[PDB]
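Below is one structure; the comments refer to it alone.
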Amino acid sequence: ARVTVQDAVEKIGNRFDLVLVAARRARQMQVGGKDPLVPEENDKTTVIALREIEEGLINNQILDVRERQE
Amino acid sequence: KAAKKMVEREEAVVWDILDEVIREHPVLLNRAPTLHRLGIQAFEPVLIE
Amino acid sequence: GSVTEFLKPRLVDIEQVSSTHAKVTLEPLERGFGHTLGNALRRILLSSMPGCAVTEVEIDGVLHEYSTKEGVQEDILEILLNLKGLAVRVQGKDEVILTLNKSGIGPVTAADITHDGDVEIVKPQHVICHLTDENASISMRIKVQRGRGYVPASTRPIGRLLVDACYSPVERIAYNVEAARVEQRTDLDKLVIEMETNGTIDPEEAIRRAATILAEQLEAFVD
Amino acid sequence: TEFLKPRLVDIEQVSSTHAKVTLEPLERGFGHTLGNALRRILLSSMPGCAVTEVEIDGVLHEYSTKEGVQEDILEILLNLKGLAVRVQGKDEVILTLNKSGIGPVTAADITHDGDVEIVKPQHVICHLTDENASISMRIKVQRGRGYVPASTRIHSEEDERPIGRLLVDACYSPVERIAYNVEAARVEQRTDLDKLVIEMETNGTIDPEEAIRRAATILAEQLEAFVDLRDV
Amino acid sequence: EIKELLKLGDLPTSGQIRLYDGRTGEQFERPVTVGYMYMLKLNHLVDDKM
Amino acid sequence: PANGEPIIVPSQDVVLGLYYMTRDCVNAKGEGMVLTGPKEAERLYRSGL
Amino acid sequence: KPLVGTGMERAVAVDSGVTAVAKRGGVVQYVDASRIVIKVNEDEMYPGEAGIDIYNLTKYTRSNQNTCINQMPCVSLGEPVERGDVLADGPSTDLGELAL
């Protein structure tokens, strides 16, 4: 359950890198290759990804780092 | 085809599936004269009879 | 189905906010019964619930309602106000007079009340009035009585000053009827009671007492 | 420390369909609590016995007419929808209304049955306007609750193969209007006690005592959930 | 004349009676208007649109 | 988007409710007593005192 | 009914074709939800024919807006009726008064 994304835009600026980063993270989570980090609590991949971004465990830099590790 | 027939007959199991889908899936409400950008806003649906 | 069986709350989940709050949601209930239950229980809790509270006071140095006490920067109205919010519970004893003979510097906490066996203060750290670093002293006698609801002073020699006693343990009842769902039926109502208490009794026990009172009232009629 | 318990004192019946009770010893305020709760319960949930189905001899649907009657089949079904009847031993029964000859066809003309009883026989269903004309219909009454519309009743079709069967909208709700009053009862050794006076207008099926007992029973039984919340 | 016809019965002359809230069970403050208004049913039905 | 003012202004019925509810009558029931906070005020209001 | 009309509702119903109206006064001889038979008064009848007026009502036929126009009788058996009086209330009419 989520309401707003104000903390998300505070964490990731431009409110557009937020959408793209959340989209890519949700895409990895959705196709059955990867697994989530924040404990899922009945939400969907989109809101879970936004939860991750808002809490501060993922961004474009961290996403690219985890990608280049693989 | 079986899924299509089950939905068409509107079985009682489909409702739980729909309530699972609706949970986090915004829908864009939009009035006819959308003069300005606040005439298309995305809400979260709540099933109503 | 027959015309005798009605939907009953099969999922109820109380959530208490860490001291005395409680959000009780009991759903599903048949159409339009949430309002009935909420109204009856809220009115019982807010109008008729046995309890005890401070009714009147007698101050040795103060006799007129609007008076100034030498040393306590807070006014008499403030003292009666703080006493109004004091939360107390009493055993089988119905009436008891406490005294608060205190002198010093720090705040006049409720814990300074003379100890008794039949009287228990759920908030000893409650503030009654402040004091200054002076020989000024505070000496008063409060009267605690057992009642049923709320009775302001306007409803009702010494001379003593009166206080609006609040015997009802509850402090805020606001139910909400939210639309619920069960199978294809979706007009069912779901009750969301919200309660706060003064600490004498937990909200769940308050709801139990309210239900007991109402059911006892609906005893002769039921078959 | 405890409140007096209310007990019925009179069932004063100004008319057959109009009644007044008097839950009496009521204590402080409850008057309004019990009055509102009982009014809401009575208007919502009561066992009614309104007509459900009708099968007319030579009618294929509820939008045509029948020769010899000055009312459409739709008007006949509307009139029957308000029929007030009381069934005792069964939750669903079938009646049989046969008539031949000019004049009104009152509910009195329904075939008599041992358990069923028509509350107001004057109730007019249709009017024959031809000497060599007759009406022969089978009424299917059943006991339900609330208000179930005809379209939603037919969901699985319950094997409704016959086309001569017409479904009317069920209206299982004997009470038509309920209003409560609160007045200071003059008991001797007490300051002021409230007395509740519930005035109800049924359609004749339910006796007032039974209705009030039913409402009190439902409110008390449903309140058992709160008597022990028991955490989750 | 409306006042005269209202008073011919026993309804209040002002035209506003005191309504009790259906759910709460407690009186509405400031007595409220009630009367028999003639209402149509325009043919912009919902199931023609949805 | 056009001006820095909100667009969620309570419009026509909520506003009347608040206006009627945030007002003063020179002499109404129970004028001039002292309360122990908003909770006491609500409790007094519901009971009609 | 219009419980508060404007006194100008009978004309709308009568003058528009739907409401139907007795062409000649007389006494009702047979009323059925499909047809009405009126026995014209001897004074209103021509010498040649022995006229009885048969009004065939319309029962649930579709109108151009898909609403259902339906004419029911509003005169009981054996009731007098005069010239230009309402016999069969049309759609959205009540005893000859427009009821929208």
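Order determines the names: the first chain of the structure tokens is A, the second B, and so forth; residues in each chain are numbered 1 upward, and ligands are numbered 1 upward as they are shown.
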Write out as a Markdown table a residue-level contact list of chain G versus chain D with cut-off 10 Å: for each qualifying residue the closest pair of atoms and the distance in Å to one decimal, counting only C-alpha atoms, rows sorted by chain and residue number upward.
```
| residue | atom | partner | partner_atom | distance |
| --- | --- | --- | --- | --- |
| G:29 | CA | D:129 | CA | 9.7 |
| G:30 | CA | D:129 | CA | 6.9 |
| G:31 | CA | D:70 | CA | 6.2 |
| G:32 | CA | D:70 | CA | 4.4 |
| G:33 | CA | D:70 | CA | 4.4 |
| G:34 | CA | D:65 | CA | 6.9 |
| G:35 | CA | D:70 | CA | 9.1 |
| G:36 | CA | D:70 | CA | 9.6 |
| G:59 | CA | D:64 | CA | 7.0 |
| G:60 | CA | D:63 | CA | 6.8 |
| G:70 | CA | D:63 | CA | 10.0 |
| G:71 | CA | D:72 | CA | 10.0 |
| G:72 | CA | D:71 | CA | 7.4 |
| G:73 | CA | D:70 | CA | 7.0 |
| G:74 | CA | D:70 | CA | 9.1 |
| G:75 | CA | D:70 | CA | 9.3 |
| G:76 | CA | D:70 | CA | 8.1 |
| G:77 | CA | D:129 | CA | 6.8 |
| G:78 | CA | D:129 | CA | 9.9 |
```
At a cut-off of 8 Å, list the chain D residues touching chain E, using only C-alpha atoms, as a CSV table (one decimal) with C-alpha atoms, in the first residue's frame.
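Output saved as selection-v5.csv:
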```csv
chain,number,residue,atom,x,y,z
D,32,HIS,CA,-32.9,6.8,22.5
D,33,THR,CA,-30.3,4.1,22.2
D,36,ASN,CA,-33.0,3.8,17.4
D,40,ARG,CA,-33.3,0.2,12.5
```
Report task. List the neighbours of stretch 106-123 of chain D out to 8 Å using only C-alpha atoms; skip same-chain residues closer than 6 positions along the sequence, and give me the result as a PyMOL selection string. Result -> chain D and resi 83-89+95-99+204-205
Query - Selection near stretch 24-38 of chain A, 10 Å with only C-alpha atoms, sequence-local residues under 5 positions removed, as JSON, numbers by chain - result: {"A": [19, 44, 45, 46, 47, 48, 49, 50, 51, 52, 53, 55, 57, 58, 59, 60, 63]}
List as an mmCIF file with C-alpha atoms, in the first residue's frame the protein and nucleic acid residues near stretch 34-41 of chain B, meaning an atom at most 9 Å away when only C-alpha atoms are counted, but skip any in the same chain fewer than 6 places from it.
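What follows is the written file around.cif:
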```cif
data_model
loop_
_atom_site.group_PDB
_atom_site.id
_atom_site.type_symbol
_atom_site.label_atom_id
_atom_site.label_comp_id
_atom_site.auth_asym_id
_atom_site.auth_seq_id
_atom_site.Cartn_x
_atom_site.Cartn_y
_atom_site.Cartn_z
ATOM 1 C CA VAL B 27 -6.479 3.879 -13.856
ATOM 2 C CA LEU B 28 -6.572 7.269 -15.590
ATOM 3 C CA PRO F 1 0.207 24.416 -13.201
#
```
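Picture a line from atom CA of residue B:5 to atom CA of residue D:156; it runs 16.1 Å.
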Requested in this report: Could you find all residues in chain B that DSSP calls alpha helix (DSSP H) from the backbone, and write them as a ChimeraX atom specification?
Outcome: /B:2-9,13-22
Preceding selection exported with N, CA and C atoms as a compact mmCIF listing (two decimals), in the first residue's frame:
```txt
# COMPACT_ATOMS: atom_id res chain seq x y z
N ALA B 2 -10.76 -21.84 -22.30
CA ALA B 2 -11.43 -22.16 -21.04
C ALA B 2 -11.48 -20.95 -20.12
N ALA B 3 -10.39 -20.18 -20.05
CA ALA B 3 -10.39 -18.97 -19.24
C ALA B 3 -11.41 -17.97 -19.76
N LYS B 4 -11.48 -17.80 -21.09
CA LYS B 4 -12.44 -16.88 -21.67
C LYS B 4 -13.86 -17.30 -21.32
N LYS B 5 -14.16 -18.60 -21.44
CA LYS B 5 -15.49 -19.09 -21.11
C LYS B 5 -15.80 -18.88 -19.63
N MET B 6 -14.82 -19.14 -18.76
CA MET B 6 -15.05 -18.97 -17.33
C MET B 6 -15.33 -17.52 -16.98
N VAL B 7 -14.58 -16.59 -17.58
CA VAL B 7 -14.83 -15.18 -17.34
C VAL B 7 -16.20 -14.78 -17.89
N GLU B 8 -16.54 -15.26 -19.09
CA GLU B 8 -17.81 -14.91 -19.70
C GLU B 8 -18.98 -15.36 -18.83
N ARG B 9 -18.92 -16.60 -18.33
CA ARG B 9 -19.95 -17.06 -17.40
C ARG B 9 -19.86 -16.38 -16.05
N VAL B 13 -14.80 -17.48 -8.73
CA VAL B 13 -13.36 -17.40 -8.47
C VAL B 13 -12.73 -16.18 -9.13
N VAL B 14 -13.32 -15.68 -10.22
CA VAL B 14 -12.73 -14.57 -10.95
C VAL B 14 -12.65 -13.32 -10.07
N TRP B 15 -13.58 -13.17 -9.12
CA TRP B 15 -13.61 -11.95 -8.32
C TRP B 15 -12.36 -11.81 -7.46
N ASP B 16 -11.88 -12.90 -6.86
CA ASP B 16 -10.65 -12.83 -6.08
C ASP B 16 -9.47 -12.45 -6.97
N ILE B 17 -9.41 -13.01 -8.17
CA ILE B 17 -8.34 -12.67 -9.11
C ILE B 17 -8.39 -11.19 -9.45
N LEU B 18 -9.59 -10.67 -9.72
CA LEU B 18 -9.72 -9.26 -10.07
C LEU B 18 -9.33 -8.37 -8.89
N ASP B 19 -9.73 -8.73 -7.68
CA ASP B 19 -9.36 -7.93 -6.52
C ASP B 19 -7.86 -8.01 -6.26
N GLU B 20 -7.22 -9.10 -6.67
CA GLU B 20 -5.76 -9.17 -6.59
C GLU B 20 -5.11 -8.25 -7.61
N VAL B 21 -5.67 -8.20 -8.82
CA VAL B 21 -5.09 -7.36 -9.87
C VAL B 21 -5.27 -5.88 -9.54
N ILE B 22 -6.47 -5.50 -9.10
CA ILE B 22 -6.81 -4.09 -8.92
C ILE B 22 -5.91 -3.43 -7.88
```
Report task. Find the residues around residue D:212 up to 12 Å (only C-alpha atoms counted), leave out those fewer than 3 positions away in its own chain, and share them as a PyMOL selection string. Result -> (chain C and resi 218+220-223) or (chain D and resi 7-8+11+19-23+34-35+37-43+45-46+175+178+197-200+202+206-209+215-219)
Within 12 Å of residue D:137, counting only C-alpha atoms, which residues show up once you throw out same-chain ones fewer than 2 positions away? Write them as a JSON list (two decimals) with C-alpha atoms, in the first residue's frame, please.
```
[["chain", "number", "residue", "atom", "x", "y", "z"],
["D", 53, "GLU", "CA", -44.16, -16.07, -8.22],
["D", 54, "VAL", "CA", -47.37, -16.10, -10.26],
["D", 55, "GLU", "CA", -48.48, -18.52, -12.99],
["D", 56, "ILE", "CA", -51.53, -17.40, -14.99],
["D", 57, "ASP", "CA", -53.41, -19.89, -17.17],
["D", 58, "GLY", "CA", -53.09, -18.27, -20.59],
["D", 59, "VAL", "CA", -50.38, -15.61, -20.26],
["D", 73, "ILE", "CA", -50.94, -8.57, -16.36],
["D", 76, "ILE", "CA", -52.06, -7.62, -11.69],
["D", 77, "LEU", "CA", -48.49, -8.50, -10.69],
["D", 80, "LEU", "CA", -50.14, -9.00, -5.99],
["D", 94, "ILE", "CA", -48.60, -22.24, -3.42],
["D", 95, "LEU", "CA", -52.06, -20.68, -3.50],
["D", 96, "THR", "CA", -54.77, -21.02, -6.16],
["D", 97, "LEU", "CA", -57.01, -18.11, -7.17],
["D", 98, "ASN", "CA", -59.93, -19.03, -9.44],
["D", 99, "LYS", "CA", -62.81, -16.73, -10.35],
["D", 100, "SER", "CA", -65.50, -16.53, -13.02],
["D", 105, "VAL", "CA", -61.35, -10.41, -7.70],
["D", 109, "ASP", "CA", -61.39, -15.34, -3.46],
["D", 110, "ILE", "CA", -58.05, -17.14, -3.10],
["D", 111, "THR", "CA", -58.47, -20.85, -2.41],
["D", 125, "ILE", "CA", -56.25, -8.04, -7.35],
["D", 126, "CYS", "CA", -58.06, -7.46, -10.65],
["D", 134, "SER", "CA", -62.59, -16.16, -15.84],
["D", 135, "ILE", "CA", -59.13, -15.99, -14.29],
["D", 139, "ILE", "CA", -49.71, -17.82, -6.56],
["D", 140, "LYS", "CA", -46.40, -18.96, -5.05],
["D", 164, "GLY", "CA", -45.77, -19.02, -18.09],
["D", 165, "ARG", "CA", -44.05, -18.30, -14.78],
["D", 166, "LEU", "CA", -43.89, -14.61, -13.83]]
```
Query - Interface list for chain C, partner chain E, 8 Å threshold, only C-alpha atoms, as a ChimeraX atom specification - result: /C:35-36,39
Take the residues that were just selected and, keeping C-alpha atoms, output them as a PDB file, in the first residue's frame.
```pdb
ATOM      1  CA  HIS C  35     -24.430   1.852  12.193  1.00  0.00           C
ATOM      2  CA  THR C  36     -26.764   0.232  14.730  1.00  0.00           C
ATOM      3  CA  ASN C  39     -24.457   3.988  17.666  1.00  0.00           C
TER       4      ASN C  39
END
```
Report summary line: Pairwise distance, atom CA of residue E:3 with atom CA of residue E:27, equals 25.2 Å
Query raised in the report: Distance atom CA of residue C:86-atom CA of residue D:28, one decimal place?
Result: 25.3 Å
Report task. Compute the set of chain B residues within 8 Å of chain C, using only C-alpha atoms, and express it as an NGL selection string. Result -> :B and (12 or 15 or 48-49)
Could those selected residues go to a file with N, CA, C and O atoms, as a short mmCIF file (atom, residue, chain, number, x, y, z; two decimals), in the first residue's frame?
```cif
data_model
loop_
_atom_site.label_atom_id
_atom_site.label_comp_id
_atom_site.auth_asym_id
_atom_site.auth_seq_id
_atom_site.Cartn_x
_atom_site.Cartn_y
_atom_site.Cartn_z
N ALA B 12 -17.38 -17.45 -9.70
CA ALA B 12 -17.13 -16.78 -8.42
C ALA B 12 -15.65 -16.67 -8.10
O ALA B 12 -15.27 -15.85 -7.26
N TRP B 15 -13.58 -13.17 -9.12
CA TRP B 15 -13.61 -11.95 -8.32
C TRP B 15 -12.36 -11.81 -7.46
O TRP B 15 -11.82 -10.70 -7.32
N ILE B 48 -16.78 -1.44 -7.12
CA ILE B 48 -18.08 -1.00 -6.64
C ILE B 48 -19.16 -1.73 -7.42
O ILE B 48 -19.07 -1.88 -8.64
N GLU B 49 -20.19 -2.18 -6.71
CA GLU B 49 -21.38 -2.70 -7.37
C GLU B 49 -22.23 -1.55 -7.89
O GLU B 49 -22.35 -0.51 -7.25
#
```
